[PDB]
Every structure is written in structure tokens, then in C-alpha cells.
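K.L.:
Take this structure, written in C-alpha cells, and hold onto it; I'll ask about it next.
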Amino acid sequence: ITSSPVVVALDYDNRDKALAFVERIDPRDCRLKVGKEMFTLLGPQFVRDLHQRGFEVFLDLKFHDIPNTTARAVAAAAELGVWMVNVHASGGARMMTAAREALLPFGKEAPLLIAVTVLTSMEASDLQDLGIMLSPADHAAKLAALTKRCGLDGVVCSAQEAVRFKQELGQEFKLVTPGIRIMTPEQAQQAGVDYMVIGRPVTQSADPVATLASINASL
Amino acid sequence: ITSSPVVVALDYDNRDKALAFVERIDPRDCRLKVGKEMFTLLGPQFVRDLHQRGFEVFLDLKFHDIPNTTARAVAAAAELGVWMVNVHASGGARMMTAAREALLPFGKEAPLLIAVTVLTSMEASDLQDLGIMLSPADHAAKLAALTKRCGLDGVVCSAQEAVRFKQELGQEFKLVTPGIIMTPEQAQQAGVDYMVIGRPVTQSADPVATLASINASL
């Protein structure tokens, strides 16, 4: 089990390429994030393929559904054995509560349950189309407070908001950075970030092993 | 291809139970919906299995992500060959436009691209926690108009709102009910294009006979 806070994003469109990157690195050095594109293409067998190679996996599908269905989906991810799974806080308190409750029987096998608040791509003009007039940051803080109240394990949060969030929501509440947009990984850790998703800077480097080693050497 | 507007929801937790039901019915009598639970359990191969049996499939995963990621996921669904796929309108206009653009190279073989507006399960009190002070129906209408403006094919909409939506958004804009009261016949009369039906069929005493009773009314 790695002691690195890095989670490397697998955003490949091809199984062979993805696994050609994953064999080059080492489960001791990072965890892996499987997102919508890879999961729609390959399904849970790809996650099993990563587990069999010794990696722990953040299943980043951002479930957003009615409470029962979200509950069943999170339980399915728990049965798949993943380390972390997320939901949209925009699904509301009852949906978040249903997901948390679906995971409690899993006890120590339960994945970490993290909520997306505001996506990184959302600016004020995107939000106003939807009736949201709080700034992205204020809306995110609001949704993060709702997530903590529902008992979830943490939120996805930019490093720029991590000191604010640790002060308001507490040291125990986990912050995961999304890997898209300044702070170095070391500075993001200093801010209180618990897990940092890193994508292209590692997967698109000429030496992803040395890149990842250099990131870890700083943390 | 089917003339029925019915889409039966496959919310089994086991492949064998799901396929036993699918073996009893026929693709001429309905299409099928594959949601989060079955897809997280079985993946795209389950969709392929349904296609091999002749069914058209609504892949109901409610993608809600940054624009580029939602676009790649919708393209993956198109590659899989599904009949309908959905996204959350709550993902915003740029996300929906990205999904629309991702399907253009698939042309007429693209899935229908439908947006979830407000989930059936959301009441006013659930929306208020999010800062939304409109009624579910009024918020849904706002998100539906946004979906039309972005050029998507339609929305998931209760039958109780279909008359309003056909008047305001036009006949060409597709309405899909979620099946989560109005009868299927009344829903069709109100303007519903496709109706999702789940446990009323799959947990009935005789699902083939239930489905035939529904189709006879339509």
C-alpha cells in the first residue's frame, strides 16, 4: 500500500496503451484514477486488471442519480474493491446520505466516499444558466458543508481552497485535488491536500517514472 | 425495430436474472434501459449481449462531468452502438454542447442525446439545500429550455409536464418519462415519446403479459 498522496489519472482511450504506462510504474509510488472514458470503454474488468497489478484505484465516475440508484452504484464499486469512489453533491443530501449508508456495512473494506462540489470547468456564467448566483467558490463551499453534514469522507477541492476548507470543515475531512485547473504538489500538500490527482504531467512525460519519482521526492 | 414507445428498465443485480427476463420478451415489443447498477457490475459487454439479442438500448448513466470528459464518454456510448444516452443538464451549457459535438461524426447512427433536468426524486426541500428556490417543475423547465438551446434531442420529463413541454419546446423535442399518476396511454396522449417502465413489468406476476397489456393500450 503506497504512502504517496499522488493518484495518477488514466485517461487513455486504449487498454494496451494504458497498461503499457501502468507496467512502467509501481504500486508503491502512486494510486490510479479510472474515469468515465476508460470505464465506459472497458467496464469493471479494467479496474480488476489494475487491482491484479497491485494498484489501489480511485473510481472517478461522479455518480449523480436518485438516492436508491446512487446507493446501489456505490455498493457496486465497494464490491469491486475500489479504494475511493465519488458522487455529486448536487444530487442532494438524501442521495449523499443514501450512498454513505450503503457503504457502512462494508466496514473496513468500504471505499472512501468523496463528493464533487463545483466542477473545475464551471465559471459564474455557467452557473447562472442553472440559477446559481453564488460564485463557483462560494457554491462549492456550500456544497462541501452539505457533504460534511451528510457524513461523507471529503470533497474534491482545488488546492487554492484547501486552507479555507481545512479551517472551516476540519483536519479530518479529506480534500482531493482534481488534477485540472499556482502550487507545486509540495505546496498543495502544505495547504492540507490529502490526495492529489495528477494526469498529463506524469502520463505525457518522456520519463513518467522519473517524473513521478521527482514529484514523490518533494512530498 | 420496435414500434412500441416502452423502454423496460433492467435493474437486476445479477446477469443471469436479467438475461432470463430478456429471453422471455422480444425486441419488437420494447427497448431496454441499462442503468448505473448493471453497468458498474457488468460493463459494456452487457450492452453488447443485449444488442446480440436484437434489442435497442437506452444507456442511462446520467453523465455529469467537465465538457471534454462528458464528450468522450458520450462518444464511447456511440461507439458501443446504443440507441439513447443521457447527460445531466446540471452540467451546464458548455458540457451539453460538447456532448452534442461528440456525436456529430456518428451522424444518423448516433444515439439520441437526452438530458436529465431535475431527478424524479428531488423535492423543493432537496433543491433548497443547493441554493435552488424554484419548484422542481420550474427548475426542470429552465433546464429543459437550456437543453433545447444547446441542440440536444430531448429531456427526461414526467408525464405531468409533457403538455407544457410540447407547447413550449415543440413537437420535435423528445420527452422520455423515467418511470420512477398518469397511465402509459395518457402519457402518450400528453405527448410523451418514450416511456421507461421498470418494476411494474419486471416484478409483475407475468412480465410478458404485463408488457402486452401496456402495449395494447398504446
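Lettering and numbering for the C-alpha cells are positional, with chains as A, B, ... in the shown order, residues counted from 1 in each chain, and ligands counted from 1 in the shown order.
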Env of residue B:96: 9 Å cut, atoms = only C-alpha atoms, seq-sep filter 3 positions within chain, self excluded. Answer as a PDB file with N, CA, C and O atoms, in the first residue's frame.
P.N.:
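The new file result.pdb reads:
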```pdb
ATOM      1  N   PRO B  67     -16.708  19.332 -19.614  1.00  0.00           N
ATOM      2  CA  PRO B  67     -17.122  19.127 -21.012  1.00  0.00           C
ATOM      3  C   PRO B  67     -16.353  18.054 -21.783  1.00  0.00           C
ATOM      4  O   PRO B  67     -16.990  17.197 -22.415  1.00  0.00           O
ATOM      5  N   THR B  70     -17.223  14.430 -20.468  1.00  0.00           N
ATOM      6  CA  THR B  70     -18.566  14.021 -20.864  1.00  0.00           C
ATOM      7  C   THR B  70     -18.625  13.726 -22.364  1.00  0.00           C
ATOM      8  O   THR B  70     -19.230  12.744 -22.804  1.00  0.00           O
ATOM      9  N   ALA B  71     -17.954  14.539 -23.154  1.00  0.00           N
ATOM     10  CA  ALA B  71     -17.934  14.314 -24.593  1.00  0.00           C
ATOM     11  C   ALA B  71     -17.305  12.975 -24.946  1.00  0.00           C
ATOM     12  O   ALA B  71     -17.837  12.256 -25.803  1.00  0.00           O
ATOM     13  N   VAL B  87     -27.288  12.683 -20.291  1.00  0.00           N
ATOM     14  CA  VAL B  87     -26.380  13.526 -19.516  1.00  0.00           C
ATOM     15  C   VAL B  87     -27.215  14.384 -18.573  1.00  0.00           C
ATOM     16  O   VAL B  87     -28.427  14.540 -18.751  1.00  0.00           O
ATOM     17  N   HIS B  88     -26.559  14.977 -17.571  1.00  0.00           N
ATOM     18  CA  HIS B  88     -27.236  15.928 -16.693  1.00  0.00           C
ATOM     19  C   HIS B  88     -27.211  17.328 -17.311  1.00  0.00           C
ATOM     20  O   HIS B  88     -26.136  17.859 -17.600  1.00  0.00           O
ATOM     21  N   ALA B  89     -28.380  17.951 -17.438  1.00  0.00           N
ATOM     22  CA  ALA B  89     -28.368  19.361 -17.842  1.00  0.00           C
ATOM     23  C   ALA B  89     -27.649  20.222 -16.828  1.00  0.00           C
ATOM     24  O   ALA B  89     -27.108  21.271 -17.204  1.00  0.00           O
ATOM     25  N   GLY B  91     -24.881  19.830 -15.690  1.00  0.00           N
ATOM     26  CA  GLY B  91     -23.506  20.010 -16.126  1.00  0.00           C
ATOM     27  C   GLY B  91     -23.261  21.297 -16.898  1.00  0.00           C
ATOM     28  O   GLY B  91     -22.103  21.638 -17.136  1.00  0.00           O
ATOM     29  N   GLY B  92     -24.316  21.996 -17.289  1.00  0.00           N
ATOM     30  CA  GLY B  92     -24.177  23.293 -17.925  1.00  0.00           C
ATOM     31  C   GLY B  92     -24.163  23.237 -19.443  1.00  0.00           C
ATOM     32  O   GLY B  92     -24.042  22.181 -20.074  1.00  0.00           O
ATOM     33  N   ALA B  93     -24.276  24.438 -20.038  1.00  0.00           N
ATOM     34  CA  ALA B  93     -24.417  24.523 -21.484  1.00  0.00           C
ATOM     35  C   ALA B  93     -23.163  24.034 -22.193  1.00  0.00           C
ATOM     36  O   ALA B  93     -23.267  23.376 -23.232  1.00  0.00           O
ATOM     37  N   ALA B  99     -21.024  17.431 -25.609  1.00  0.00           N
ATOM     38  CA  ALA B  99     -21.633  16.131 -25.893  1.00  0.00           C
ATOM     39  C   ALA B  99     -22.292  16.125 -27.264  1.00  0.00           C
ATOM     40  O   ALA B  99     -22.143  15.160 -28.017  1.00  0.00           O
ATOM     41  N   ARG B 100     -23.002  17.205 -27.621  1.00  0.00           N
ATOM     42  CA  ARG B 100     -23.620  17.275 -28.942  1.00  0.00           C
ATOM     43  C   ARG B 100     -22.566  17.144 -30.032  1.00  0.00           C
ATOM     44  O   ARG B 100     -22.719  16.372 -30.984  1.00  0.00           O
ATOM     45  N   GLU B 101     -21.492  17.915 -29.913  1.00  0.00           N
ATOM     46  CA  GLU B 101     -20.431  17.894 -30.907  1.00  0.00           C
ATOM     47  C   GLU B 101     -19.791  16.512 -31.012  1.00  0.00           C
ATOM     48  O   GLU B 101     -19.383  16.101 -32.105  1.00  0.00           O
ATOM     49  N   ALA B 115     -31.236  14.898 -21.995  1.00  0.00           N
ATOM     50  CA  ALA B 115     -30.747  15.417 -20.723  1.00  0.00           C
ATOM     51  C   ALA B 115     -31.740  15.114 -19.615  1.00  0.00           C
ATOM     52  O   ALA B 115     -32.951  15.318 -19.767  1.00  0.00           O
ATOM     53  N   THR B 147     -31.424  22.831 -22.403  1.00  0.00           N
ATOM     54  CA  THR B 147     -31.106  21.662 -23.203  1.00  0.00           C
ATOM     55  C   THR B 147     -31.491  21.860 -24.657  1.00  0.00           C
ATOM     56  O   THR B 147     -30.705  21.546 -25.552  1.00  0.00           O
ATOM     57  N   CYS B 150     -29.151  24.238 -26.396  1.00  0.00           N
ATOM     58  CA  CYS B 150     -27.897  23.570 -26.720  1.00  0.00           C
ATOM     59  C   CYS B 150     -28.025  22.555 -27.854  1.00  0.00           C
ATOM     60  O   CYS B 150     -27.020  21.909 -28.181  1.00  0.00           O
ATOM     61  N   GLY B 151     -29.229  22.342 -28.399  1.00  0.00           N
ATOM     62  CA  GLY B 151     -29.413  21.477 -29.559  1.00  0.00           C
ATOM     63  C   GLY B 151     -29.472  19.991 -29.275  1.00  0.00           C
ATOM     64  O   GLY B 151     -29.347  19.189 -30.206  1.00  0.00           O
ATOM     65  N   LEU B 152     -29.696  19.596 -28.033  1.00  0.00           N
ATOM     66  CA  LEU B 152     -29.872  18.165 -27.730  1.00  0.00           C
ATOM     67  C   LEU B 152     -31.235  17.661 -28.212  1.00  0.00           C
ATOM     68  O   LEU B 152     -32.118  18.426 -28.620  1.00  0.00           O
TER      69      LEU B 152
END
```
K.L.:
What are the closest atom pairs, with distances in Å to one decimal, for each residue of chain A lying within 7 Å of chain B, using only C-alpha atoms, rows by chain and rising residue number, as a tab-separated table?
P.N.:
```
residue	atom	partner	partner_atom	distance
A:36	CA	B:73	CA	6.0
A:37	CA	B:73	CA	4.9
A:40	CA	B:76	CA	6.4
A:41	CA	B:76	CA	6.2
A:42	CA	B:44	CA	6.7
A:43	CA	B:43	CA	4.1
A:44	CA	B:43	CA	6.1
A:62	CA	B:64	CA	6.9
A:64	CA	B:62	CA	6.9
A:66	CA	B:121	CA	5.8
A:69	CA	B:37	CA	6.9
A:72	CA	B:37	CA	6.0
A:73	CA	B:37	CA	5.0
A:76	CA	B:41	CA	6.3
A:90	CA	B:130	CA	6.8
A:92	CA	B:126	CA	6.0
A:93	CA	B:126	CA	7.0
A:119	CA	B:66	CA	6.6
A:121	CA	B:66	CA	5.7
A:126	CA	B:92	CA	5.8
A:130	CA	B:90	CA	6.7
A:131	CA	B:132	CA	6.7
A:132	CA	B:131	CA	6.8
A:143	CA	B:130	CA	7.0
```
K.L.:
Please produce a file of those selected residues containing N, CA and C atoms, as a PDB file, in the first residue's frame.
P.N.:
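Result file is result-v9.pdb:
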```
ATOM      1  N   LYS A  36     -14.577   8.212 -16.435  1.00  0.00           N
ATOM      2  CA  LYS A  36     -15.715   7.802 -17.249  1.00  0.00           C
ATOM      3  C   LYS A  36     -15.283   7.208 -18.566  1.00  0.00           C
ATOM      4  N   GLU A  37     -14.268   7.789 -19.208  1.00  0.00           N
ATOM      5  CA  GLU A  37     -13.965   7.332 -20.554  1.00  0.00           C
ATOM      6  C   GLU A  37     -13.482   5.893 -20.521  1.00  0.00           C
ATOM      7  N   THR A  40     -16.411   3.462 -19.348  1.00  0.00           N
ATOM      8  CA  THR A  40     -17.397   3.175 -20.382  1.00  0.00           C
ATOM      9  C   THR A  40     -16.818   2.261 -21.455  1.00  0.00           C
ATOM     10  N   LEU A  41     -15.519   2.388 -21.749  1.00  0.00           N
ATOM     11  CA  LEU A  41     -14.939   1.572 -22.808  1.00  0.00           C
ATOM     12  C   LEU A  41     -14.711   0.144 -22.342  1.00  0.00           C
ATOM     13  N   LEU A  42     -14.281  -0.024 -21.092  1.00  0.00           N
ATOM     14  CA  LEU A  42     -13.760  -1.306 -20.645  1.00  0.00           C
ATOM     15  C   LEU A  42     -14.487  -1.907 -19.464  1.00  0.00           C
ATOM     16  N   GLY A  43     -15.232  -1.112 -18.704  1.00  0.00           N
ATOM     17  CA  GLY A  43     -16.025  -1.623 -17.616  1.00  0.00           C
ATOM     18  C   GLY A  43     -15.186  -2.017 -16.414  1.00  0.00           C
ATOM     19  N   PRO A  44     -15.777  -2.799 -15.505  1.00  0.00           N
ATOM     20  CA  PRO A  44     -15.077  -3.115 -14.246  1.00  0.00           C
ATOM     21  C   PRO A  44     -13.887  -4.037 -14.438  1.00  0.00           C
ATOM     22  N   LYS A  62     -18.312  10.002 -10.640  1.00  0.00           N
ATOM     23  CA  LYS A  62     -19.138  11.165 -10.297  1.00  0.00           C
ATOM     24  C   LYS A  62     -20.626  10.801 -10.356  1.00  0.00           C
ATOM     25  N   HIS A  64     -24.421  10.573 -10.027  1.00  0.00           N
ATOM     26  CA  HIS A  64     -25.410  11.620  -9.760  1.00  0.00           C
ATOM     27  C   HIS A  64     -26.759  11.034 -10.176  1.00  0.00           C
ATOM     28  N   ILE A  66     -30.817   9.288  -8.451  1.00  0.00           N
ATOM     29  CA  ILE A  66     -31.737   9.201  -7.330  1.00  0.00           C
ATOM     30  C   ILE A  66     -31.081   8.429  -6.182  1.00  0.00           C
ATOM     31  N   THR A  69     -30.585   4.458  -6.476  1.00  0.00           N
ATOM     32  CA  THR A  69     -29.690   4.062  -7.547  1.00  0.00           C
ATOM     33  C   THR A  69     -28.254   4.437  -7.215  1.00  0.00           C
ATOM     34  N   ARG A  72     -26.982   1.898  -4.762  1.00  0.00           N
ATOM     35  CA  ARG A  72     -26.644   0.630  -5.407  1.00  0.00           C
ATOM     36  C   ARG A  72     -25.348   0.727  -6.202  1.00  0.00           C
ATOM     37  N   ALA A  73     -25.135   1.862  -6.896  1.00  0.00           N
ATOM     38  CA  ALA A  73     -23.900   2.114  -7.642  1.00  0.00           C
ATOM     39  C   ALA A  73     -22.669   2.179  -6.741  1.00  0.00           C
ATOM     40  N   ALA A  76     -21.881  -1.265  -5.555  1.00  0.00           N
ATOM     41  CA  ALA A  76     -21.221  -1.994  -6.627  1.00  0.00           C
ATOM     42  C   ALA A  76     -19.735  -1.661  -6.692  1.00  0.00           C
ATOM     43  N   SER A  90     -24.360  17.805  -5.841  1.00  0.00           N
ATOM     44  CA  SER A  90     -25.560  18.343  -6.461  1.00  0.00           C
ATOM     45  C   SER A  90     -26.715  17.340  -6.512  1.00  0.00           C
ATOM     46  N   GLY A  92     -27.785  16.054  -3.858  1.00  0.00           N
ATOM     47  CA  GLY A  92     -28.524  16.436  -2.673  1.00  0.00           C
ATOM     48  C   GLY A  92     -28.219  15.568  -1.461  1.00  0.00           C
ATOM     49  N   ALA A  93     -28.715  16.060  -0.324  1.00  0.00           N
ATOM     50  CA  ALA A  93     -28.407  15.471   0.962  1.00  0.00           C
ATOM     51  C   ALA A  93     -28.898  14.039   1.042  1.00  0.00           C
ATOM     52  N   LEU A 119     -17.604  21.540 -10.386  1.00  0.00           N
ATOM     53  CA  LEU A 119     -16.561  21.096 -11.295  1.00  0.00           C
ATOM     54  C   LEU A 119     -15.637  22.257 -11.685  1.00  0.00           C
ATOM     55  N   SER A 121     -14.510  23.150 -14.482  1.00  0.00           N
ATOM     56  CA  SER A 121     -14.902  23.845 -15.705  1.00  0.00           C
ATOM     57  C   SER A 121     -16.006  24.875 -15.510  1.00  0.00           C
ATOM     58  N   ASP A 126     -21.547  29.862 -16.380  1.00  0.00           N
ATOM     59  CA  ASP A 126     -22.109  28.521 -16.494  1.00  0.00           C
ATOM     60  C   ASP A 126     -23.124  28.278 -15.390  1.00  0.00           C
ATOM     61  N   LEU A 130     -27.953  28.013 -14.689  1.00  0.00           N
ATOM     62  CA  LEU A 130     -28.619  26.988 -13.896  1.00  0.00           C
ATOM     63  C   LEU A 130     -29.350  27.554 -12.690  1.00  0.00           C
ATOM     64  N   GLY A 131     -29.359  28.870 -12.537  1.00  0.00           N
ATOM     65  CA  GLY A 131     -29.976  29.525 -11.408  1.00  0.00           C
ATOM     66  C   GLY A 131     -29.063  29.754 -10.224  1.00  0.00           C
ATOM     67  N   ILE A 132     -27.797  29.344 -10.299  1.00  0.00           N
ATOM     68  CA  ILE A 132     -26.849  29.537  -9.209  1.00  0.00           C
ATOM     69  C   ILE A 132     -26.203  30.907  -9.362  1.00  0.00           C
ATOM     70  N   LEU A 143     -21.739  23.461  -0.953  1.00  0.00           N
ATOM     71  CA  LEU A 143     -21.903  22.039  -1.209  1.00  0.00           C
ATOM     72  C   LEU A 143     -20.944  21.213  -0.372  1.00  0.00           C
TER      73      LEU A 143
END
```
K.L.:
Using only C-alpha atoms, which residues sit within 10 Å of residue B:160 once same-chain residues fewer than 3 positions away are excluded, as a CSV table (one decimal) with N, CA, C and O atoms, in the first residue's frame?
P.N.:
```csv
chain,number,residue,atom,x,y,z
B,137,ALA,N,-40.6,21.5,-10.8
B,137,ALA,CA,-41.1,21.6,-12.2
B,137,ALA,C,-40.6,22.8,-12.9
B,137,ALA,O,-40.3,22.8,-14.1
B,157,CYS,N,-38.6,13.8,-18.6
B,157,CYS,CA,-39.7,14.7,-18.2
B,157,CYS,C,-40.9,13.8,-17.7
B,157,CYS,O,-41.3,12.9,-18.3
B,163,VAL,N,-47.5,18.1,-21.6
B,163,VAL,CA,-48.2,19.1,-22.3
B,163,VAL,C,-47.5,20.4,-22.4
B,163,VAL,O,-47.3,21.0,-23.4
B,164,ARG,N,-47.2,20.9,-21.2
B,164,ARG,CA,-46.4,22.1,-21.1
B,164,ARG,C,-45.1,22.1,-22.0
B,164,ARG,O,-44.8,23.1,-22.7
B,165,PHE,N,-44.4,21.0,-21.9
B,165,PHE,CA,-43.1,21.0,-22.6
B,165,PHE,C,-43.3,20.9,-24.1
B,165,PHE,O,-42.6,21.5,-24.9
B,177,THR,N,-40.2,9.6,-20.3
B,177,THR,CA,-40.5,9.6,-18.8
B,177,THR,C,-39.6,8.6,-18.1
B,177,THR,O,-39.2,7.5,-18.7
B,181,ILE,N,-51.2,9.8,-10.6
B,181,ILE,CA,-50.4,9.2,-11.7
B,181,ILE,C,-51.1,9.3,-13.0
B,181,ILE,O,-52.3,9.5,-13.1
B,182,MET,N,-50.3,9.1,-14.1
B,182,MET,CA,-50.8,9.0,-15.4
B,182,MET,C,-50.4,7.7,-16.0
B,182,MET,O,-49.3,7.2,-15.9
B,186,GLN,N,-52.3,7.8,-21.3
B,186,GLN,CA,-52.4,9.2,-21.0
B,186,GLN,C,-51.1,9.9,-21.3
B,186,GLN,O,-51.1,11.0,-21.8
B,187,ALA,N,-50.0,9.3,-20.8
B,187,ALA,CA,-48.7,9.9,-21.1
B,187,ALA,C,-48.5,10.1,-22.6
B,187,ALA,O,-48.1,11.1,-23.1
B,190,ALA,N,-50.5,12.9,-23.8
B,190,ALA,CA,-49.9,14.2,-23.4
B,190,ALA,C,-48.7,14.6,-24.2
B,190,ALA,O,-48.3,15.8,-24.2
B,192,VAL,N,-45.8,12.4,-24.5
B,192,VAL,CA,-44.6,11.6,-24.2
B,192,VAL,C,-44.2,10.7,-25.4
B,192,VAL,O,-45.0,10.0,-26.0
```
K.L.:
Taking only C-alpha atoms into account, which of B:208, B:140, B:197, B:9 comes nearest residue B:124?
P.N.:
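With only C-alpha atoms as the atom set, the closest residue is B:140.
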K.L.:
Determine which residues of stretch 18-125 of chain B receive a DSSP assignment of helix (DSSP H, G or I), computed from the backbone, and state them as number ranges by chain.
P.N.:
B: 18-24, 36-42, 44-52, 67-80, 89-91, 93-109, 124-125
K.L.:
Would you kindly return, as a count of residues only, each protein, DNA or RNA residue with an atom no farther than 6 Å from any atom of stretch 193-198 of chain A, considering only C-alpha atoms and excluding same-chain residues fewer than 6 positions away?
P.N.:
11
K.L.:
Residue B:85: which residues within 7 Å, counting only C-alpha atoms, same-chain residues fewer than 6 positions away excluded, as a compact mmCIF listing (two decimals) with C-alpha atoms, in the first residue's frame?
P.N.:
```
# COMPACT_ATOMS: atom_id res chain seq x y z
CA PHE B 58 -31.04 3.30 -23.57
CA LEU B 59 -27.73 3.66 -21.71
CA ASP B 60 -28.94 5.64 -18.70
CA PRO B 111 -27.69 7.71 -30.08
CA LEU B 112 -30.40 10.10 -29.16
CA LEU B 113 -28.85 12.55 -26.68
CA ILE B 114 -31.25 13.31 -23.84
```
K.L.:
As a PyMOL selection string, please: the residues near residue A:18 (cut-off 10 Å, only C-alpha atoms, same-chain neighbours under 6 positions excluded).
P.N.:
chain A and resi 10-12+38+46+203
K.L.:
Pick out the residues sitting within 9 Å of residue B:2, and hand them over as a PyMOL selection string; count only C-alpha atoms, and ignore anything fewer than 5 positions along from it in its own chain.
P.N.:
chain B and resi 27-31+55-56
K.L.:
Kindly give the distance, in Å, that separates atom CA of residue B:183 and atom CA of residue B:205, rounded to a single decimal.
P.N.:
19.1 Å
K.L.:
So which bits of chain A end up strand (DSSP E) when you DSSP the backbone, as a PyMOL selection string?
P.N.:
chain A and resi 6-10+31-35+57-63+84-88+112-116+154-156+174-177+195-198
K.L.:
Grab the residues selected above and save them as a compact mmCIF listing (two decimals), in the first residue's frame with N, CA and C atoms.
P.N.:
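As a result, out_6.txt now contains:
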```txt
# COMPACT_ATOMS: atom_id res chain seq x y z
N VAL A 6 -0.08 10.79 -4.30
CA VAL A 6 -0.35 11.00 -5.72
C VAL A 6 -1.32 9.94 -6.22
N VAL A 7 -2.27 10.37 -7.03
CA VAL A 7 -3.17 9.48 -7.78
C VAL A 7 -2.98 9.86 -9.23
N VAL A 8 -2.56 8.91 -10.06
CA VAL A 8 -2.31 9.23 -11.46
C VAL A 8 -3.56 8.92 -12.26
N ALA A 9 -3.95 9.89 -13.11
CA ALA A 9 -5.16 9.80 -13.91
C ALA A 9 -4.88 8.98 -15.16
N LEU A 10 -5.66 7.92 -15.35
CA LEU A 10 -5.60 7.10 -16.56
C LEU A 10 -6.71 7.55 -17.50
N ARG A 31 -1.30 5.75 -6.48
CA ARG A 31 -2.56 5.12 -6.82
C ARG A 31 -2.98 5.57 -8.23
N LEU A 32 -4.08 5.00 -8.73
CA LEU A 32 -4.56 5.28 -10.08
C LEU A 32 -6.02 5.71 -10.06
N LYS A 33 -6.38 6.60 -10.98
CA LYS A 33 -7.75 7.08 -11.14
C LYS A 33 -8.29 6.55 -12.45
N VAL A 34 -9.45 5.87 -12.39
CA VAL A 34 -10.17 5.41 -13.56
C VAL A 34 -11.41 6.29 -13.69
N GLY A 35 -11.55 6.94 -14.84
CA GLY A 35 -12.66 7.87 -15.05
C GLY A 35 -13.67 7.32 -16.03
N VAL A 57 -7.22 2.04 -6.47
CA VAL A 57 -7.90 2.74 -7.55
C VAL A 57 -8.96 3.70 -7.02
N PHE A 58 -8.89 4.95 -7.47
CA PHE A 58 -9.97 5.92 -7.34
C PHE A 58 -10.91 5.77 -8.54
N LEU A 59 -12.13 5.28 -8.29
CA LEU A 59 -13.14 5.15 -9.35
C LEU A 59 -13.89 6.48 -9.45
N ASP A 60 -13.54 7.28 -10.45
CA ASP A 60 -13.99 8.67 -10.59
C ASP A 60 -15.11 8.73 -11.64
N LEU A 61 -16.29 8.24 -11.27
CA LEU A 61 -17.45 8.29 -12.17
C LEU A 61 -18.44 9.37 -11.81
N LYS A 62 -18.31 10.00 -10.64
CA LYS A 62 -19.14 11.16 -10.30
C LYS A 62 -20.63 10.80 -10.36
N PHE A 63 -21.00 9.74 -9.65
CA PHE A 63 -22.39 9.30 -9.67
C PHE A 63 -23.35 10.42 -9.27
N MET A 84 -11.39 4.45 -3.43
CA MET A 84 -12.15 5.70 -3.37
C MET A 84 -13.17 5.75 -4.51
N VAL A 85 -14.34 6.33 -4.24
CA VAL A 85 -15.41 6.49 -5.23
C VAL A 85 -16.06 7.84 -4.95
N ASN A 86 -16.54 8.53 -5.99
CA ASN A 86 -17.21 9.81 -5.78
C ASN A 86 -18.62 9.91 -6.33
N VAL A 87 -19.31 10.93 -5.80
CA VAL A 87 -20.68 11.30 -6.14
C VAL A 87 -20.72 12.81 -6.25
N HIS A 88 -21.76 13.30 -6.91
CA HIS A 88 -22.04 14.73 -6.98
C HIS A 88 -22.82 15.18 -5.76
N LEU A 112 -13.28 5.08 0.40
CA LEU A 112 -13.51 6.47 0.74
C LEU A 112 -14.58 7.04 -0.19
N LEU A 113 -15.54 7.74 0.39
CA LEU A 113 -16.64 8.36 -0.33
C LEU A 113 -16.45 9.87 -0.34
N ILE A 114 -16.25 10.42 -1.53
CA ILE A 114 -15.87 11.81 -1.74
C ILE A 114 -16.91 12.45 -2.64
N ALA A 115 -17.23 13.72 -2.38
CA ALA A 115 -18.20 14.39 -3.23
C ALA A 115 -17.52 15.43 -4.10
N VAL A 116 -17.95 15.47 -5.37
CA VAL A 116 -17.68 16.63 -6.21
C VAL A 116 -18.61 17.75 -5.79
N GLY A 154 -14.98 13.32 2.44
CA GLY A 154 -14.32 14.52 1.96
C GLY A 154 -14.91 15.00 0.65
N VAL A 155 -14.20 15.97 0.03
CA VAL A 155 -14.62 16.59 -1.22
C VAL A 155 -13.43 16.70 -2.17
N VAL A 156 -13.76 16.84 -3.46
CA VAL A 156 -12.79 17.27 -4.45
C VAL A 156 -12.74 18.79 -4.36
N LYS A 174 -11.45 14.95 4.16
CA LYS A 174 -10.39 14.77 3.18
C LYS A 174 -10.61 15.69 1.98
N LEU A 175 -9.51 16.24 1.47
CA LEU A 175 -9.52 17.05 0.27
C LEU A 175 -8.69 16.38 -0.82
N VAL A 176 -9.31 16.21 -1.98
CA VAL A 176 -8.71 15.61 -3.15
C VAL A 176 -8.68 16.64 -4.26
N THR A 177 -7.50 16.87 -4.84
CA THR A 177 -7.47 17.85 -5.91
C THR A 177 -7.74 17.15 -7.24
N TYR A 195 -5.01 14.00 -0.98
CA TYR A 195 -4.67 13.26 -2.19
C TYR A 195 -4.72 14.18 -3.38
N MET A 196 -3.71 14.09 -4.24
CA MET A 196 -3.63 14.93 -5.41
C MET A 196 -3.64 14.08 -6.67
N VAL A 197 -4.63 14.33 -7.52
CA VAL A 197 -4.71 13.70 -8.83
C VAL A 197 -3.77 14.42 -9.79
N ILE A 198 -2.92 13.66 -10.48
CA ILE A 198 -2.00 14.21 -11.47
C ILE A 198 -2.19 13.40 -12.74
```
K.L.:
Which residue is closest to residue A:51? Choose from A:214, A:166, A:82, A:109 and count only C-alpha atoms.
P.N.:
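Looking at the shortest contact to residue A:51, the residue is A:82.
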K.L.:
As an exercise, work out the distance from atom CA of residue A:79 to atom CA of residue B:20 in Å and give it to one decimal place.
P.N.:
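These atoms are spaced 23.2 Å apart.
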K.L.:
What's the separation between atom CA of residue A:186 and atom CA of residue A:217, in Å to one decimal place?
P.N.:
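Straight-line distance from atom CA of residue A:186 to atom CA of residue A:217 works out to 9.3 Å.
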